[PDB]
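What follows is a short report on a single structure.
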Amino acid sequence: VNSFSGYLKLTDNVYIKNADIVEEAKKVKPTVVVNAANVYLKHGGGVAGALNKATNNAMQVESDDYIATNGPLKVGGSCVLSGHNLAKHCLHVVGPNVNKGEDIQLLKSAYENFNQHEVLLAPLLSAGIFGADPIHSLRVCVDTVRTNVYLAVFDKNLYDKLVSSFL
Ligand SMILES: O=C(Nc1ccc(C(=O)N[C@H]2c3cccc(O)c3C[C@H]2C(=O)O)cc1)NC1CC1
């Protein structure tokens, strides 16, 4: 039993809610919040920009030190950093960005990172300004992630469409 509230059950292990991941994180303080990162950990817009703003830019400062030491991530890859005031840890996951012409096949690899964590609060990967098909991303999520995932979807119209079309 955990403290996630008002999520709709999609599968054995995947739940979904129309909610601001910033607010869900502040309320639940999950062990892991997932960021929809890019390979440079430049948290400019979308989920990444919103989470970073909620940390008062501490996420970006930490991220810049990470990149200076380790270099960029891979598309489909991830790293674990602090969750700051939002969570114990932040799992920065790089899903493919279609508006950069990135390989949508890499979305499954991106979701595989979630399997290293028993429970996660996460956004739907590669949706919103990443420009991939969100129905496809949800199918990939449910077919790839085996651990317990609580998906927070900011856009109300998107959430309604995802629920109504889910097989
Ligand atoms: O600003 C905020 N929250 C805030 C939360 C989410 C987003 C956002 O862009 N989400 C979309 C996106 C963008 C990029 C990659 C993704 O995987 C997704 C999922 C998709 C969605 O969930 O609809 C933007 C802002 N909170 C302030 C305290 C009020």
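Residue names in the structure tokens use chain letters A, B, ... in the order shown, residue numbers from 1 in each chain, and ligand numbers from 1 in the order shown.
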Practice prompt. Give as a VMD selection string the residues surrounding ligand 1 up to a distance of 9 Å, considering only C-alpha atoms and all ligand atoms.
Written response: chain A and resid 18 to 23 35 to 37 45 to 51 53 to 54 95 97 122 to 131 134 151 to 159
Worksheet item: Taking the backbone alone, and naming residues the way the document does, which bits of region 40-123 of chain A are strand (DSSP E) by DSSP, as a PyMOL selection string?
Response: chain A and resi 78-82+89-93+119-122
Emit the selected residues as a PDB file, in the first residue's frame, including C-alpha atoms.
ATOM      1  CA  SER A  78      19.012   7.468 -17.804  1.00  0.00           C
ATOM      2  CA  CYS A  79      20.778   8.574 -14.657  1.00  0.00           C
ATOM      3  CA  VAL A  80      19.742   8.773 -10.996  1.00  0.00           C
ATOM      4  CA  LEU A  81      20.231  12.143  -9.304  1.00  0.00           C
ATOM      5  CA  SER A  82      18.704  13.844  -6.263  1.00  0.00           C
ATOM      6  CA  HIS A  89      15.623  10.521  -6.206  1.00  0.00           C
ATOM      7  CA  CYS A  90      14.988  11.811  -9.715  1.00  0.00           C
ATOM      8  CA  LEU A  91      15.403   9.287 -12.520  1.00  0.00           C
ATOM      9  CA  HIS A  92      16.289  11.409 -15.568  1.00  0.00           C
ATOM     10  CA  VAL A  93      15.138   9.341 -18.572  1.00  0.00           C
ATOM     11  CA  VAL A 119       7.721   2.247  -7.632  1.00  0.00           C
ATOM     12  CA  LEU A 120       7.854   5.471  -9.699  1.00  0.00           C
ATOM     13  CA  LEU A 121       5.879   8.659 -10.280  1.00  0.00           C
ATOM     14  CA  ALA A 122       6.421   9.458 -13.932  1.00  0.00           C
TER      15      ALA A 122
END
For residue 116 (chain A), work out the shell of residues within 10 Å, counting only C-alpha atoms and skipping chain neighbours fewer than 6 positions away, then give it as a PDB file with C-alpha atoms, in the first residue's frame.
ATOM      1  CA  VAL A 145       7.420  -1.571 -17.462  1.00  0.00           C
ATOM      2  CA  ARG A 146       6.948  -4.369 -14.925  1.00  0.00           C
ATOM      3  CA  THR A 147       7.396  -2.288 -11.757  1.00  0.00           C
TER       4      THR A 147
END
Worksheet item: A:28, A:98, A:14, A:167: which is nearest residue 148 (chain A), counting only C-alpha atoms?
Response: A:14
Fill in: Non-local contacts of residue 87 (chain A) (6 Å; only C-alpha atoms; under 6 positions in same chain excluded) as a list in words
residues 29, 30, 31 and 32 of chain A
Worksheet item: Out of chain A, which residues get alpha helix (DSSP H) from DSSP, as JSON, numbers by chain?
Response: {"A": [21, 22, 23, 24, 25, 26, 27, 28, 46, 47, 48, 49, 50, 51, 52, 53, 54, 58, 59, 60, 61, 62, 63, 64, 65, 66, 67, 68, 69, 70, 106, 107, 108, 109, 110, 111, 112, 134, 135, 136, 137, 138, 139, 140, 141, 142, 143, 144, 156, 157, 158, 159, 160, 161, 162, 163, 164, 165]}
Practice prompt. Could you give me, as an MDAnalysis selection string, the residues within 8 Å of residue 135 (chain A), counting only C-alpha atoms and dropping anything in the same chain fewer than 2 positions from it?
Written response: chainID A and resid 133 137:139 162 165:166
I need the residues from that last selection saved to file as a PDB file, in the first residue's frame (with N, CA, C and O atoms), if you can.
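The resulting selection24.pdb:
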ATOM      1  N   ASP A 133       3.594   9.930 -30.750  1.00  0.00           N
ATOM      2  CA  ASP A 133       2.191   9.530 -30.575  1.00  0.00           C
ATOM      3  C   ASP A 133       1.967   9.104 -29.126  1.00  0.00           C
ATOM      4  O   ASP A 133       2.556   8.105 -28.698  1.00  0.00           O
ATOM      5  N   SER A 137       2.990   5.605 -27.009  1.00  0.00           N
ATOM      6  CA  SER A 137       3.844   5.629 -25.823  1.00  0.00           C
ATOM      7  C   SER A 137       3.204   4.923 -24.636  1.00  0.00           C
ATOM      8  O   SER A 137       3.902   4.240 -23.884  1.00  0.00           O
ATOM      9  N   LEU A 138       1.890   5.081 -24.427  1.00  0.00           N
ATOM     10  CA  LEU A 138       1.236   4.387 -23.321  1.00  0.00           C
ATOM     11  C   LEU A 138       1.261   2.884 -23.530  1.00  0.00           C
ATOM     12  O   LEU A 138       1.456   2.135 -22.572  1.00  0.00           O
ATOM     13  N   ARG A 139       1.041   2.426 -24.765  1.00  0.00           N
ATOM     14  CA  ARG A 139       1.137   1.001 -25.082  1.00  0.00           C
ATOM     15  C   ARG A 139       2.536   0.503 -24.792  1.00  0.00           C
ATOM     16  O   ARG A 139       2.710  -0.562 -24.193  1.00  0.00           O
ATOM     17  N   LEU A 162      -6.284   9.401 -23.785  1.00  0.00           N
ATOM     18  CA  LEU A 162      -5.516   8.208 -23.436  1.00  0.00           C
ATOM     19  C   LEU A 162      -6.396   7.152 -22.780  1.00  0.00           C
ATOM     20  O   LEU A 162      -6.302   5.967 -23.109  1.00  0.00           O
ATOM     21  N   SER A 165      -9.027   5.560 -25.284  1.00  0.00           N
ATOM     22  CA  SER A 165      -8.478   4.741 -26.363  1.00  0.00           C
ATOM     23  C   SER A 165      -7.637   3.571 -25.871  1.00  0.00           C
ATOM     24  O   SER A 165      -7.087   2.842 -26.700  1.00  0.00           O
ATOM     25  N   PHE A 166      -7.517   3.366 -24.561  1.00  0.00           N
ATOM     26  CA  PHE A 166      -6.607   2.349 -24.044  1.00  0.00           C
ATOM     27  C   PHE A 166      -7.202   0.959 -24.231  1.00  0.00           C
ATOM     28  O   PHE A 166      -8.346   0.714 -23.840  1.00  0.00           O
TER      29      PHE A 166
END
Worksheet item: Which of these, A:61, A:10, A:132, A:26, has the shortest distance to residue 96 (chain A) once you count only C-alpha atoms?
Response: A:132
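Straight-line separation from CA of residue 88 (chain A) to CA of residue 41 (chain A): 18.4 Å.
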Item to complete: Would you mind reading off the distance between CA of residue 25 (chain A) and CA of residue 56 (chain A), one decimal, in Å?
Response: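 Computing it gives 14.7 Å between the two atoms.
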Fill in: Straight-line distance linking CA of residue 110 (chain A) with CA of residue 141 (chain A), stated in Å to one decimal
9.4 Å
